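Residue numbers (the authors' numbering): 14 to 359.
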């Protein structure tokens, strides 16, 4: 491949090549500690990954291709990845390792480095997952989008869209006196960020920038009629930029609460092992109804902890609550992950 030894490689693996040895300038062979089949050849200081249909020693066997979509898919945000660049022909693959078992965030910055432009531009780019399956990309921009997608715990664009939580940067009152939660509801901003039971210090503690927290002074702790009257007589509108920044903080916060409960349930997999759309669906219903789904949506939670994905879709479709259309849309996200083969039925 062109520019094969150009740029730099990011590695969590440190080989221990003794200096002073006379075997410098010779290729070195290591099997990756936790893996098989995963033999590497170090030429210069660089990891080379070779796959050959015809089995040699000093080479790997053809790795299976992943089912994950290069255009829409994600890898677990809790897994390390190996990113490679190179060429293939006639049952022969020669790949330079650009990132060796790095975190997703590390990979994004590493692949953005100027020194790595040439090589990533002039070769095929792929990811070797921890399960040894491989994802092939059309170009490096696409892989970079895939990684940036993968760091997200939920799809924030889907979440804040009209069919789900929605988005309104103007102070609004999302309730009415006939509701049992009229007096529990406060002034909301952006995607359902309710200040009725929050103070400025609360938002600061949650990581909201001081400039946004300060702007919301006057709207904290207002509930029921007082929240209603405040919106009516003295509304405040945040910029879309500030309102999304605020919304995403709380979307992420409650994503992590639900993740915590999912993982504490000891289901046989972690929240990060769920595909993006399914995570988004669960957080969507949790965000609106209450994150403790074992109480707020028991039929949904029961199916989740049973790994009954068809049953999960059915549970969403059969919630009776006054937000039927949204519940169905949440169920449809899960169904799409089932249809894409991302949720193993069993």
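We put the beta carbon where it would ideally sit given N, CA and C, even for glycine.
Given residue i as reference, the closest of the options once Cα atoms are compared
i	options	result
residue 246	184, 213, 255, 145	184
residue 195	29, 242, 134, 25	242
residue 46	75, 187, 114, 32	114
residue 88	37, 143, 67, 39	143
residue 375	67, 161, 211	No answer is possible for residue 375: it lies beyond the span of the chain, which begins at 14 and ends at 359.
residue 320	281, 205, 54, 187	281
residue 17	250, 132, 314, 90	132
residue 249	336, 229, 160	229
residue 151	35, 191, 84	84
residue 220	48, 259, 122	259
residue 15	100, 91, 35, 251	100
residue 186	26, 211, 238	238
residue 300	173, 337, 215, 253	173
residue 91	348, 272, 324, 29	272
residue 225	254, 198, 244	254
residue 215	262, 257, 198	262
residue 236	222, 223, 212	212
residue 359	119, 77, 322	322
residue 335	347, 122, 298	298
residue 41	156, 50, 120, 31	31
residue 256	122, 222, 78	222
residue 119	50, 25, 306	25
residue 278	135, 19, 265, 315	315
residue 39	347, 154, 54	54
residue 306	339, 324, 283, 270	270
residue 48	78, 94, 302, 313	94
residue 371	44, 308, 36	No information on residue 371 is available, as it lies outside the stretch 14 to 359 that the chain covers here.
residue 103	135, 81, 155, 64	64
residue 82	50, 159, 52	159
Strand pairing of residue i, partner residues [DSSP]
i	result
residue 113	24
residue 199	236
residue 106	64, 101
residue 53	43
residue 181	203
residue 95	141
residue 73	64
residue 78	147
residue 30	Answer is none; residue 30 lacks a bridge partner.
residue 59	56
Contact belief for residue i with residue j at Cβ below 8 Å, rounded distance in angstroms
i	j	result
residue 98	residue 109	5 Å
residue 234	residue 209	7 Å
residue 11	residue 304	Residue 11 lies beyond the residue range present for the chain, which begins at 14 and ends at 359; the question has no answer from this structure.
residue 124	residue 96	7 Å
residue 112	residue 23	5 Å
residue 200	residue 240	5 Å
residue 326	residue 344	5 Å
residue 182	residue 251	5 Å
residue 161	residue 121	6 Å
residue 309	residue 302	4 Å
Check: residue i C-beta below 6 Å from any heavy atom of the ligand FMN
i	result
residue 264	Annotation note on the ligand FMN: not contained in the displayed structure, which lists no ligands.
With a floor of 4 residues, list each alpha helix (DSSP H) that falls wholly inside the stretch 272-306, ordered by position along the chain.
-> 289-302
Per the contact definition of three or more C-beta pairs closer than 8 Å, is the stretch 53-64 in contact with the stretch 320-336?
-> No, the stretch 320-336 is not in contact with the stretch 53-64.
Evaluate the contact criterion for the stretch 172-190 versus the stretch 137-144: three or more CB pairs, one atom per stretch, below 8 Å.
-> no
At least 3 beta-carbon pairs within less than 8 Å: the stretch 162-170 vs the stretch 290-310 | yes
Could I get the ranges of all uninterrupted alpha helix (DSSP H) runs contained in the stretch 138-170, with 4 residues as the minimum, in chain order?
-> Runs of the alpha helix (DSSP H) inside the stretch 138-170: 153-163.
Is there contact here, the stretch 118-133 with the stretch 71-80, by at least three beta-carbon pairs under 8 Å?
-> Contact between the stretch 118-133 and the stretch 71-80 is not established, with fewer than three Cβ pairs separated by less than 8 Å.
Tell me, please, whether the stretch 280-291 touches the stretch 340-359 by the rule of three or more beta-carbon pairs shorter than 8 Å.
-> yes
Start-end ranges of the alpha helix (DSSP H) lying completely within the stretch 208-258, minimum 4 residues = 213-218, 223-228, 238-246
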